[PDB]
Number of protein chains: 2
Amino acid sequence: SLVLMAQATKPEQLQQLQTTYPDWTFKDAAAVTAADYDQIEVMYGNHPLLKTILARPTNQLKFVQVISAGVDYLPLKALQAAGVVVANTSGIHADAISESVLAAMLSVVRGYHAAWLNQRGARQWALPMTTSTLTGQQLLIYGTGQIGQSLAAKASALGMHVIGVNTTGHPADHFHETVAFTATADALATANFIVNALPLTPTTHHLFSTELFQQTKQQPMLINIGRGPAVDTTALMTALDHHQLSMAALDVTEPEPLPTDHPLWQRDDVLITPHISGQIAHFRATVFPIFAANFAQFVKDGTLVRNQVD
Amino acid sequence: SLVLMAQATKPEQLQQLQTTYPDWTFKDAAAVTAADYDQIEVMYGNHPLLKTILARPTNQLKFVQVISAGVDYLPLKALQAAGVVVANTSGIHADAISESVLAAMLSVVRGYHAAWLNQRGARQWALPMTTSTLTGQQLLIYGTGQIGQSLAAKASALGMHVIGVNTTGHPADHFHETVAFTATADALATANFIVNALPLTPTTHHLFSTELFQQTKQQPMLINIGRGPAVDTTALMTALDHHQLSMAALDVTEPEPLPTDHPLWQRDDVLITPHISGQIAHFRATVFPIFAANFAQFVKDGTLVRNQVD
């Protein structure tokens, strides 16, 4: 019956909740009272009452949603003993950046980019191109950190085959296969999409350049959400010129900002976005949908859908 | 060890297989022999040998992939008794159309459409817009048939909340909630994206028009992959004019083709695609990735990832 609202919400978030769940009380932690305690089944945000409530062998707490990635000082043993499920707020930035990559890939293969050139052009009722789907294609990602892995998870759920490149070719969550930097020739030959998500180091500078491009055989699309200088701008333009690559999307450039007279801008086969991929809204706006989704599922069947903490 | 290749493959599909799996034999069904029979663990395509093989209480058949949606005349009882897993080829068209909807939505909220106007415009290092993510947003779909459901599955896996509209508000696979046509006011008020995937009938003609648009409160994006006349072109342009809607993507129009002097084309807030969303490649090209994915997973751990037939 009661949710303890320890995290503040926009008035509108609270309204959604109260009308979507007219049999639930969403109680501001200021106005709570000890008569409420055994009523609280869910907590949005960690709060001092967590301790009080768990002390009562008559509490009914079932789900705590914390609003930061850190679960350290939480009474882990009590929560497990009482069977309380907990979720946190990780993956937010990495989720947005992954959506930007999917966006680049989908707008190309589903024909939105070509359709737009058509709409600003001849406005024919057909495109000069054949559409294709992500399902069934190969995605090669350099960087198997948190970002690489969240991109992998989404692509994989969309039916993509996902290969990742890291130092020693060790395993990583959601990637179907991983390879070491020295071991990439085969993955480069079968890739439909190559995504750079690496940090800049001295040995990954101009990593995307003539030799790399020449090892590709499916005329893949190149996407850069790493750093500008990973990619040799000149080699890139010539790889596109000789159809070694079909398309590029760069959310970072060398130099950056990309000056307005740079020839990259004038291409129809390079989509420049001004380093936006990782920009997310304010915490109030990103954290609440996490709770709203976990609570809807909790209400439906007692389980969580996002960021369940083990 | 052996796959019976009863379905033909492009020479290149066969190559991929033989090099990705150098310890497996991919045997053309013409060249098979009864010495092979108990070697065959997988069958790509249904074949007369299915019967022969299953007759031998010494066969090792484990996985049959059929290359059409129909599983009728298949020895269902034998397959179950021998523990054989089977997958088919449903959902192909519906998968592509769903990818087109995701593409429309992602290219808008991740800023690709605005980035392109910027690239053909001032080429600033910023966009006049704030990006947002699909994760956490509400998708309202009219039509809970096979297409609606495959769109629902993908959106839902991307963290969207998905509501569907059908005649009697009955349940449908993957939709979090469904409503009847007469019961849509609330869903329309909280929708971030509205997708039409209905068939044309006399009472769904100009369904997307002034009254409907006026019931929305989140300034949602409208997407039409149903039929042109579901949407009143005039009302649409005026709803966008008064910011009742943020954006539209129409893959169908009234009239269609959309004549080159139609004012819809000149808008920056409507993405016209020329009825491409449902166009898929030739069967050889759509069916093979289904087998390739189910076989990779089968090899990994004996399970299937796509279209497992119960």
# chains A, B, ... in the order shown; residues from 1 in each chain; ligands from 1
>>> closest_atom_pairs(of="chain B", to="chain A", cutoff="6 Å", atoms="only C-alpha atoms", output="tab-separated table")
residue	atom	partner	partner_atom	distance
B:100	CA	A:110	CA	5.5
B:103	CA	A:106	CA	4.9
B:106	CA	A:103	CA	4.9
B:107	CA	A:103	CA	5.2
B:110	CA	A:100	CA	5.5
B:115	CA	A:273	CA	5.4
B:123	CA	A:260	CA	5.8
B:125	CA	A:274	CA	5.0
B:126	CA	A:274	CA	5.7
B:136	CA	A:289	CA	5.0
B:260	CA	A:123	CA	5.8
B:273	CA	A:115	CA	5.4
B:274	CA	A:125	CA	5.0
B:289	CA	A:136	CA	5.0
>>> residues_around(residues="residue 156 (chain B)", least_positions_apart="6", cutoff="8 Å", atoms="only C-alpha atoms", output="JSON, numbers by chain")
{"B": [162, 174, 175]}
>>> select_by_dssp(residues="region 59-292 of chain A", states="strand (DSSP E)", output="VMD selection string")
chain A and resid 63 to 65 85 to 87 138 to 142 161 to 166 177 to 180 193 to 196 221 to 224 247 to 250 270 to 272
>>> select_by_dssp(residues="region 59-223 of chain A", states="alpha helix (DSSP H)", output="PyMOL selection string")
chain A and resi 76-81+92-109+112-119+146-157+185-190+210-214
>>> residues_around(residues="residue 44 (chain B)", least_positions_apart="5", cutoff="9 Å", atoms="only C-alpha atoms", output="PyMOL selection string")
chain B and resi 3-8+63-67+291
>>> write_last_selection(atoms="N, CA, C and O atoms", output="PDB file, in the first residue's frame")
ATOM      1  N   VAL B   3      26.018 -30.981 -40.558  1.00  0.00           N
ATOM      2  CA  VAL B   3      24.770 -30.338 -40.877  1.00  0.00           C
ATOM      3  C   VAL B   3      24.308 -30.776 -42.263  1.00  0.00           C
ATOM      4  O   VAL B   3      25.055 -30.678 -43.244  1.00  0.00           O
ATOM      5  N   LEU B   4      23.056 -31.212 -42.337  1.00  0.00           N
ATOM      6  CA  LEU B   4      22.447 -31.518 -43.612  1.00  0.00           C
ATOM      7  C   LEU B   4      21.899 -30.226 -44.151  1.00  0.00           C
ATOM      8  O   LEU B   4      20.937 -29.712 -43.613  1.00  0.00           O
ATOM      9  N   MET B   5      22.530 -29.701 -45.196  1.00  0.00           N
ATOM     10  CA  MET B   5      22.063 -28.541 -45.904  1.00  0.00           C
ATOM     11  C   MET B   5      20.993 -28.879 -46.959  1.00  0.00           C
ATOM     12  O   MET B   5      21.256 -28.965 -48.137  1.00  0.00           O
ATOM     13  N   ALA B   6      19.750 -29.025 -46.532  1.00  0.00           N
ATOM     14  CA  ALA B   6      18.657 -29.228 -47.483  1.00  0.00           C
ATOM     15  C   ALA B   6      18.230 -27.910 -48.201  1.00  0.00           C
ATOM     16  O   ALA B   6      18.011 -27.911 -49.416  1.00  0.00           O
ATOM     17  N   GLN B   7      18.174 -26.782 -47.490  1.00  0.00           N
ATOM     18  CA  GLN B   7      17.997 -25.471 -48.149  1.00  0.00           C
ATOM     19  C   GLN B   7      19.293 -25.039 -48.847  1.00  0.00           C
ATOM     20  O   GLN B   7      20.354 -25.117 -48.252  1.00  0.00           O
ATOM     21  N   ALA B   8      19.212 -24.607 -50.108  1.00  0.00           N
ATOM     22  CA  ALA B   8      20.375 -24.040 -50.825  1.00  0.00           C
ATOM     23  C   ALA B   8      20.911 -22.723 -50.201  1.00  0.00           C
ATOM     24  O   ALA B   8      20.173 -21.972 -49.561  1.00  0.00           O
ATOM     25  N   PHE B  63      18.731 -30.653 -33.842  1.00  0.00           N
ATOM     26  CA  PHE B  63      18.130 -29.361 -34.180  1.00  0.00           C
ATOM     27  C   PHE B  63      17.693 -29.362 -35.644  1.00  0.00           C
ATOM     28  O   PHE B  63      18.511 -29.566 -36.510  1.00  0.00           O
ATOM     29  N   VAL B  64      16.392 -29.146 -35.916  1.00  0.00           N
ATOM     30  CA  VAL B  64      15.922 -28.882 -37.309  1.00  0.00           C
ATOM     31  C   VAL B  64      15.501 -27.412 -37.502  1.00  0.00           C
ATOM     32  O   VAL B  64      14.677 -26.890 -36.765  1.00  0.00           O
ATOM     33  N   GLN B  65      16.084 -26.735 -38.473  1.00  0.00           N
ATOM     34  CA  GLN B  65      15.632 -25.401 -38.821  1.00  0.00           C
ATOM     35  C   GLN B  65      14.821 -25.486 -40.110  1.00  0.00           C
ATOM     36  O   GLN B  65      15.405 -25.711 -41.167  1.00  0.00           O
ATOM     37  N   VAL B  66      13.508 -25.251 -40.054  1.00  0.00           N
ATOM     38  CA  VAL B  66      12.715 -25.180 -41.297  1.00  0.00           C
ATOM     39  C   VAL B  66      12.725 -23.759 -41.873  1.00  0.00           C
ATOM     40  O   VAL B  66      12.888 -22.788 -41.123  1.00  0.00           O
ATOM     41  N   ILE B  67      12.621 -23.636 -43.198  1.00  0.00           N
ATOM     42  CA  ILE B  67      12.784 -22.338 -43.835  1.00  0.00           C
ATOM     43  C   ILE B  67      11.482 -21.781 -44.349  1.00  0.00           C
ATOM     44  O   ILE B  67      11.464 -21.080 -45.341  1.00  0.00           O
ATOM     45  N   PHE B 291      18.894 -19.114 -39.331  1.00  0.00           N
ATOM     46  CA  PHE B 291      19.706 -20.323 -39.133  1.00  0.00           C
ATOM     47  C   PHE B 291      21.108 -20.049 -38.529  1.00  0.00           C
ATOM     48  O   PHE B 291      21.468 -20.660 -37.546  1.00  0.00           O
TER      49      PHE B 291
END
>>> closest_residue(among="A:166, A:196, A:17, A:255", to="residue 183 (chain A)", atoms="only C-alpha atoms")
A:166
>>> residues_around(residues="residue 229 (chain A)", least_positions_apart="5", cutoff="6 Å", atoms="only C-alpha atoms", output="VMD selection string")
chain A and resid 205 to 206 254
>>> write_last_selection(atoms="N, CA, C and O atoms", output="PDB file, in the first residue's frame")
ATOM      1  N   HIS A 205      45.990   6.143 -31.630  1.00  0.00           N
ATOM      2  CA  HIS A 205      45.884   7.381 -32.389  1.00  0.00           C
ATOM      3  C   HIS A 205      45.962   6.989 -33.853  1.00  0.00           C
ATOM      4  O   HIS A 205      46.818   6.176 -34.235  1.00  0.00           O
ATOM      5  N   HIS A 206      45.047   7.536 -34.664  1.00  0.00           N
ATOM      6  CA  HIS A 206      44.898   7.137 -36.067  1.00  0.00           C
ATOM      7  C   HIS A 206      44.836   5.610 -36.254  1.00  0.00           C
ATOM      8  O   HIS A 206      45.355   5.060 -37.231  1.00  0.00           O
ATOM      9  N   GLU A 254      38.534  15.240 -35.397  1.00  0.00           N
ATOM     10  CA  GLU A 254      39.856  15.891 -35.299  1.00  0.00           C
ATOM     11  C   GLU A 254      40.054  16.807 -36.503  1.00  0.00           C
ATOM     12  O   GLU A 254      40.276  16.320 -37.611  1.00  0.00           O
TER      13      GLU A 254
END
>>> atom_distance(atom1="CA of residue 213 (chain A)", atom2="CA of residue 142 (chain A)")
14.2 Å
>>> residues_around(residues="region 70-79 of chain A", least_positions_apart="3", cutoff="8 Å", atoms="only C-alpha atoms", output="ChimeraX atom specification")
/A:51,54,66,82-85,88
>>> closest_residue(among="B:150, B:1, B:182, B:244", to="residue 219 (chain B)", atoms="only C-alpha atoms")
B:244
